[PDB]
Amino acid sequence: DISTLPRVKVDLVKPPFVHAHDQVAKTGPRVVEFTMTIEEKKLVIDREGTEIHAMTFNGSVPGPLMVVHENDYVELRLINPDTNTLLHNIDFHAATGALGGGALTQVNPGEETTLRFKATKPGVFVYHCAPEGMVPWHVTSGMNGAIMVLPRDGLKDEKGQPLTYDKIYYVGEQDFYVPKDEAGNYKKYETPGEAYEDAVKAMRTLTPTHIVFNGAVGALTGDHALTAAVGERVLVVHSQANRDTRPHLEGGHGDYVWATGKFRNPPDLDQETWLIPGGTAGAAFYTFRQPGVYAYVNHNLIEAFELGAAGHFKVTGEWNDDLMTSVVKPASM
Amino acid sequence: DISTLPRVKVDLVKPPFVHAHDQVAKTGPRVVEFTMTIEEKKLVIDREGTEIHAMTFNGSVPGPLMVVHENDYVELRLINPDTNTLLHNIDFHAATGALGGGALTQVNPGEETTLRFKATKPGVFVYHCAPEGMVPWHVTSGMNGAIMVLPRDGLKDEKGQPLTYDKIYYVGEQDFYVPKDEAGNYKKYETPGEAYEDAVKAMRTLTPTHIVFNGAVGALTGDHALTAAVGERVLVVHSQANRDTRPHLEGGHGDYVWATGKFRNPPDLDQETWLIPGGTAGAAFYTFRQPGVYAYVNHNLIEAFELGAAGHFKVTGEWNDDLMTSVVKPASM
Amino acid sequence: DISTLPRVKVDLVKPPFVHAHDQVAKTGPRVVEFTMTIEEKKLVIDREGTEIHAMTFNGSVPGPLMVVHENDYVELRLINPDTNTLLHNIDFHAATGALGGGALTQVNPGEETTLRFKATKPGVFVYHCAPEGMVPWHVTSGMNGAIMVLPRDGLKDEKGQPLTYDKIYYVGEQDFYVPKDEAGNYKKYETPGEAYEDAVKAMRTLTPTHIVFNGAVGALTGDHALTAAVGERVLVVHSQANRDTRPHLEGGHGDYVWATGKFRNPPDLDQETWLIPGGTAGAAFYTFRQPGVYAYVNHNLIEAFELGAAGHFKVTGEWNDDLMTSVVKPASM
Ligand SMILES: [Cu+2]
Ligand SMILES: [Cu+2]
Ligand SMILES: [Cu+2]
Ligand SMILES: [Cu+2]
Ligand SMILES: [Cu+2]
Ligand SMILES: [Cu+2]
């Protein structure tokens with residue numbers, strides 16, 4: 001059966017960008033092959049130069065977004081180079097059985113494996129490392145991502161009508177728990193393991209030191225701000241593998257939102273803010289109507305502006321005065 | 001076009017009360033004019049006399065609830081008297097563009113401005129101050145409120161049938177982060193700015209010192225308890241601009257609930273408790289069936305009874321023994 | 001009227017098990033009688049032998065799950081033996097009036113009472129102790145449970161079709177706040193009251209020391225793991241009376257989920273993870289398709305694997321290679 005199915009290999013791209021794909025499937029079910037390389041590396045996450053030892057899928061935090069269609073077969077080749085120091089594996093929330101594949105993908109440095117699973121349920125799902133005994137440590141070190149399983153006939157609105165996006169971005173939100181000394185300064189380590197004992201103590205406080213989008217404070221700002229134009233329909237996929245988040249587009253809305261990310265359910269309309277539970281991926285669809293800068297944030301504003309969970313959207317186009325206008329510019333009474 | 005539209009001016013009232021309005025619009029679209037004055041003032045929030053320097057819209061925490069209809073134009077005159085010390089602005093989650101209006105409403109003390117925006121989406125929304133660089137500080141100082149955009153034909157249930165309320169109350173929940181000394185006592189300041197550095201440090205703990213309804217512990221109790229009668233249909237609007245909350249009416253339910261507050265979506269039925277994400281406004285509809293005192297609380301009972309997120313509902317009428325009855329009063333075995 | 005109704009007495013069983021009942025009612029409305037005895041007792045909650053003074057309904061944490069049908073009358077005899085030291089009562093989120101019955105069920109040690117209420121709304125609800133002045137203390141000491149009010153014609157899917165479960169389990173999640181000394185060690189007490197002052201201080205931190213399923217770390221693991229077989233339809237009822245939780249079945253899904261637990265609403269489909277707000281009970285329906293061990297967890301993995309919110313499901317049957325297969329077992333590159 002499967003031997004008879006067509007196979008296509010796809011090359012992943014770095015978040016927030018997404019690899020090429022078709023919204024409406026043009027072919028029948030296929031075996032979609034992906035390759036990911038685990039990479040333990042140092043990452044500086046803030047403007048003060050705070051450095052951590054991140055555990056990543058393909059060298060990025062979050063790991064890349066995989067896109068397939070309902071009933072396609074996902075075949076992943078997972079490689080753990082001998083330059084790494086820890087055992088890793090992968091748990092797909094999209095898969096059925098063996099801890100999402102975690103029990104079948106345990107690879108020590110210098111090992112590799114290939115897992116295949118049927119994408120039976122449509123929606124956006126979280127995937128993350130989950131080694132027995134140190135699950136939270138690997139997950140909060142940046143080892144998680146997301147996979148999107150699109151219905152074979154694309155997305156639809158609450159009334160069964162087609163929803164087509166012009167652009168898609170993947171925002172991975174990550175909570176970090178950096179160990180601190182007596183005065184409150186962050187500690188630095190030489191190797192991932194040298195941080196273990198301290199890492200566990202920091203996690204137990206349940207209080208993150210940093211909460212970031214795309215691996216670092218201000219990563220989606222400045223020259224890296226997300227872009228769009230008035231009239232463009234954008235789909236924003238957002239994931240949080242360990243903690244709740246409440247995305248909000250300052251100046252806009254979520255026209256159609258799947259907060260818990262499962263497409264067989266009708267979307268919620270006109271959302272101002274939505275709750276994505278820790279360990280879930282959600283998606284929001286919006287058509288830009290005004291140009292300018294938009295602040296895409298986790299709406300616990302302390303987490304957004306003090307901890308790092310904030311990004312920018314830069315939109316081009318003509319301003320619509322009917323929707324909004326300054327009748328009297330700020331002036332002296 | 002707009003010059004041709006009828007205009008009506010409305011005077012806001014102090015929460016939990018709401019200004020006069022029509023549920024079902026009796027006129028076509030209009031320009032609804034509101035005026036709000038920013039007020040930085042000292043507020044004591046608990047029984048021990050803990051005092052803070054609140055930043056308010058119209059002198060209250062929360063700011064007043066504005067009510068308009070879908071497709072009406074909201075025109076707000078925002079005044080920042082020269083008696084204030086900080087720059088302020090306003091971000092309407094209900095508006096489209098320029099950070100909800102935040103980028104067009106920056107007023108220094110002694111300045112005023114007038115913004116107009118089209119209320120294109122129905123539902124209850126949060127509005128809050130958002131000055132670049134000190135957003136969380138202003139928001140957690142009490143500078144937020146809510147606006148309700150009613151469908152032109154009023155509220156409807158899950159089956160498209162009309163829902164009419166007899167009473168409406170606005171409960172604004174506020175998380176405060178009061179700086180403390182070594183022993184755990186709250187610090188007092190002379191001016192808002194003298195608290196800034198300390199305020200930022202307290203917020204980063206992500207742990208509120210107080211979580212209150214209507215600006216203070218016990219503000220909606222005693223002589224200020226919310227009132228209703230058996231048979232009355234009540235709509236309770238609840239907002240939290242920065243933190244998640246889980247409202248619950250002890251002794252009752254949310255017959256029809258819009259947890260994320262957007263009316264184009266069908267309400268959730270028979271809710272015991274619902275989650276309102278930080279940065280969102282929700283609404284719950286309930287018909288009282290029993291007289292007595294009801295405890296309206298944030299159902300994280302520590303936040304409710306230890307931190308202050310609890311209010312009272314006092315309902316008059318006849319007790320229904322079919323619904324509930326004490327068969328054997330507490331007595332010695 | 002009620003005098004004329006048939007009456008049946010039911011004997012409760014210890015969680016995670018549930019007492020015998022019919023999904024589809026075979027009789028008309030009845031008076032369902034239950035008896036519960038309050039029990040203050042010492043409980044060790046972790047592997048290090050940490051001991052607490054729990055306040056329980058029927059000697060367990062959580063209290064037992066009660067099952068009745070819509071419009072049945074629940075009659076509870078609540079006994080507080082003279083061996084107990086505190087006053088207790090019961091608040092049913094399923095009931096209407098008098099604080100869910102809390103105002104009518106205040107019993108001092110050596111007292112008992114009998115309350116009756118009409119189960120007018122279908123769904124799973126939380127019930128908990130709520131004595132004026134020490135509500136959070138009693139609730140976070142383990143004094144809460146849940147009651148399920150099934151529609152008279154059983155559960156149905158999003159399309160009105162019948163949903164029948166073969167097995168049902170009740171998972172009660174409990175957040176504990178154990179007082180600690182200067183070094184971080186847990187304090188031990190002789191009597192419940194001797195812990196009061198310290199208990200209040202620990203709760204105010206809003207940071208649990210333990211978050212467990214069925215009263216203890218690892219309570220639903222090993223020989224006590226939940227069991228099922230491939231092909232079996234299982235309903236998992238989950239409750240949290242004070243704090244939000246985000247259940248997730250590692251290796252599976254929630255085919256049909258009522259996150260806020262009210263059956264008059266259509267279920268959410270194909271959920272990977274769902275949010276149950278503090279003070280709520282939810283239910284998830286799943287048909288096992290693969291054998292093996294599944295990790296049922298609160299998906300804030302720190303709370304799950306460091307604090308104790310994790311259990312096991314052990315499923316028997318034949319492995320399905322179409323759904324998942326290891327193409328290349330972990331091997332040296
Ligand atoms: Cu790993
Ligand atoms: Cu906002
Ligand atoms: Cu301000
Ligand atoms: Cu309650
Ligand atoms: Cu009690
Ligand atoms: Cu997981």
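Residues numbered from 1 in each chain as written, not as in the entry; some residues may be left out. Chains lettered and ligands numbered in written order. Heavy atoms only, no water.

Draft legend 1. Focus on the sheet that holds strand β21 (residues 310-316) of chain B. Residue and element names in this part refer to chain B. Judged by pairing direction, the sheet is mixed, and its four strands sit side by side in the order β14-β21-β20-β16 without closing on themselves. Since the sheet does not close on itself, it has two edges, and those belong to β14 (226-229) and β16 (247-250), each with one partner. The average undirected angle you get between the axes of adjacent strands in this sheet is 25°. Where strand β20 (residues 292-298) lies against β21, six bridges are found, and the strand directions are antiparallel. Each residue of the ladder has a partner; that of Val293, found in β21, is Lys314. (Pairing = 2+ DSSP bridges. Helix = DSSP H or I, 4+ residues; strand = E, 2+ residues; numbered from the N terminus. Axes fitted to C-alpha atoms, helices over the stretch in contact; angles between N-to-C directions.)

Draft legend 2. Quick peek at the environment of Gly28 of chain C. Residue and element names in this part refer to chain C. Considering the arrangement of structural elements, one finds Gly28 in the loop between β1 (7-9) and β2 (31-44). For the pair formed by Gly28 and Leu5, sequence separation is 23 residues and the distance between their alpha carbons is 8.9 Å. In contact with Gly28, not counting residues within four places along its chain, are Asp72 and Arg152. (Contact = heavy atoms within 4.5 Å.)

Draft legend 3. Local environment of the relation of the copies chain B and chain A. The transformation that overlays chain B on chain A combines an axial shift of 0.0 Å with a rotation of 120°, and the residual RMSD is 0.0 Å. The two molecules are tied by a three-fold rotation axis, judged by turn and shift. A low fraction, 2%, of the interface residues of chain B reappear at the interface in chain A, so the copies pair through non-equivalent surfaces. (Least-squares fit on C-alpha atoms.)

Draft legend 4. Examining the coordination of the copper ion (ligand 1) more closely. Residues and elements named next belong to chain A. For the copper ion (ligand 1), the protein coordination sphere consists of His88 (ND1), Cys129 (SG), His138 (ND1) and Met143 (SD), at 2.1 to 2.6 Å. Note that the copper ion (ligand 1) binds four donor atoms; their angles at the metal cover 86 to 134°, and the shape is tetrahedral. Mapped onto the polypeptide sequence, the residues donating to the copper ion (ligand 1) form the spacing pattern H-x40-C-x8-H-x4-M. Here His88 is found in the loop between β5 (73-80) and β6 (91-92), whereas its partner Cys129 is found in the loop between β8 (123-128) and α1 (135-139), with 41 residues between them in sequence. Here the two residues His88 and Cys129 agree in accessibility, since each one is buried. (Donors = N, O, S within 2.8 Å, 3.2 Å for Na, K, Ca; no water. Tetrahedral: all angles 85-135°; square planar, octahedral: opposite > 155°, others 65-115°. Buried < 20%, exposed > 50% of the residue type's maximum accessible area, 1.4 Å probe, protein only.)

Draft legend 5. Summary view of the relation of the copies chain C and chain A. Once chain C has been moved 0.0 Å along the axis and rotated by 120°, it coincides with chain A to within an RMSD of 0.0 Å. Taken as a fraction of all interface residues of chain C, those also at the interface in chain A reach only 2%, which identifies the copy contact as different-surface.

Draft legend 6. Quick look at the UniProt feature "binding site: Cu cation 1" in chain A. All names here are of chain A. If you check UniProt for "binding site: Cu cation 1", the listed places come out as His88, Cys129, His138 and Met143 in our numbering. For the residues just named, distributed over 56 residues, the greatest C-alpha separation is only 9.3 Å, placing them together at one site. Relative accessible area serves as the criterion here: at 0%, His88 is assigned to the buried category. Ignoring anything within four residues of it in the chain, the contact list for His88 reads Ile38, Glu40, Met55, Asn80, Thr105, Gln106, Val107, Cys129, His138 and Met143. Within the structure, the side chain of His88 is placed 2.6 Å from the side chain of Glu40, a separation counted as a polar contact. Structurally, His138 is set in helix α1. (UniProt positions renumbered as here; feature names shortened; annotations may be inferred. Polar contact = N/O pair within 3.5 Å; in protein donor to acceptor, adjacent residues only side chain to side chain.)

Draft legend 7. Examining the packing of aromatic side chains more closely. Residues and elements named next belong to chain A. Within this structure, the stated rule accounts for 39 aromatic pairs over all chains. With a centroid separation of 5.3 Å and an interplanar angle of 80°, the aromatic rings of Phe57 and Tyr127 are classed as edge-to-face. Of this pair, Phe57 sits in strand β3 (residues 51-57) while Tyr127 sits in strand β8, placing them 70 residues apart in sequence. Across the pair, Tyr127 and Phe57 agree in class, each one buried. Taking NZ or CZ as reference, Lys262 lies 4.5 Å from the ring centre of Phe125, over its face. (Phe/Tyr/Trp six-rings, centres within 6.5 Å; stacked < 30°, edge-to-face > 60°. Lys NZ or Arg CZ within 6 Å of the ring centre and 35° of its normal.)

Draft legend 8. Quick peek at the interface of chain B and chain A. If you look at the interface, chain B gives 57 residues, while chain A gives 46 residues. Carbon and sulfur atoms supply 55% of the area that chain B and chain A bury against each other, a total of about 4,100 Å² over both sides. When the buried area of chain B at its contact with chain A is split by residue, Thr96, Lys121 and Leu206 of chain B rank highest and sum to 16% of it. If you look at where chain B meets chain A, you find seven salt bridges. The interface formed by chain B and chain A contains 25 residue pairs in polar contact. For the side of chain B that touches chain A, the elements supplying multiple residues, two or more each, are β5 (73-80), β7 (111-118), β8 (123-128), α1 (135-139), α2 (192-203) and β19 (280-287) of chain B. The element contributing the most residues to the side of chain B that touches chain A is β7 of chain B, with eight residues. (Buried area = accessible area lost by both parts, 1.4 Å probe. Salt bridge = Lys/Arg side-chain N within 4 Å of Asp/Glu carboxyl O.)

Draft legend 9. Broad picture of the pairing of strand β13 (residues 210-213) of chain A. Residues and elements named next belong to chain A. Alternating positions in β13 separate into two faces, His210 and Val212 on one and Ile211 and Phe213 on the other, with burial throughout. Two elements, strand β12 (residues 167-176) and β13, share four bridges in a ladder whose sense is antiparallel. Within β13, the residue paired with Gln174 across the bridge is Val212.

Draft legend 10. How the structure looks around the pattern of salt bridges. Counting across every chain of the model gives 57 salt bridges over all chains. Notably, a salt bridge pairs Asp166 of chain A with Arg233 of chain A, separated by 2.9 Å at the nearest N-O pair. With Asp166 of chain A in the loop between β11 (162-163) and β12 and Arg233 of chain A in strand β15 (residues 233-240), this residue pair connects regions lying 67 residues apart in the sequence. Within the structure, one salt-bridge network assembled from shared partners comprises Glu70, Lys121 and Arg264 of chain A together with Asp255, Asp270 and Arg289 of chain C.

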